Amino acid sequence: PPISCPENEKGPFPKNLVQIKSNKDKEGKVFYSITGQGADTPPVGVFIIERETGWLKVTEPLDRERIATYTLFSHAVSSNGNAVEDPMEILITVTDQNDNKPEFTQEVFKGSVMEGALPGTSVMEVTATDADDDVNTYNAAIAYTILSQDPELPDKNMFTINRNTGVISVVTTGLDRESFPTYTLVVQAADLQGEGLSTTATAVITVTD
């Protein structure tokens, strides 16, 4: 039956995952071993099996973003030296931890907005990614916010950002490129729908006629 193990586990190692058993203990003594990537081919020895007990262990932390599944085969051999069964497939699923912060595709996004743009007009878009597991978890679920605006004139909150899409809009009036030529917004992306790990970048908006 399929086995799962979280990434990034603390020691001590090794750690038991499951005990393999041949119904062919009828033959007395069986010796167990495993093959596959993560066993006897690279990366070698991430999993091992106790020869006599059949205990299948993990020997170090896993990393879902590097390898997310392993396919091993367990072998069972008599003391006279013959395989007593065909190799049995084992499937190991690495489950995700929130160990990647969202990462903005650029450090500085640049856009422009026209004087007299209607309140509610889209201006530009910022984008972050998150390497964590977006299928099974919220570890990659990104909310966008604005942290600050420089300058704070003529109003402190000239703009808003859609917390899902990262589209920035102008939401009030009084753009004037001859007094305040640009706006520099610090934007944040945070996973767990905004409550999780975060980073920031900058969006710089040029005011046009």
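One rule holds for the numbers: they count along the sequence shown, beginning at 1.
- Legend: mean Cα B-factor per stretch from the PDB entry, 24-32 versus 56-64; the higher mean is in 24-32.
- If you average the C-alpha B-factors over 130-138 and over 77-85, the higher value belongs to 77-85.
- Residue-level temperature factors show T121 in the highest third of its chain, judged at the C-alpha atom.
- Among all modelled residues in this chain, the alpha-carbon of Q193 has a temperature factor (C-alpha) in the middle third.
- Annotation for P154: C-alpha temperature factor in the highest third relative to the rest of the modelled chain, per the entry.
- Among the modelled residues of its chain, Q37 has a C-alpha B-factor that falls in the middle third, as given in the PDB entry.
- Per the deposited record, the Cα B-factor of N164 falls in the highest third when ranked against the other modelled residues of its chain.
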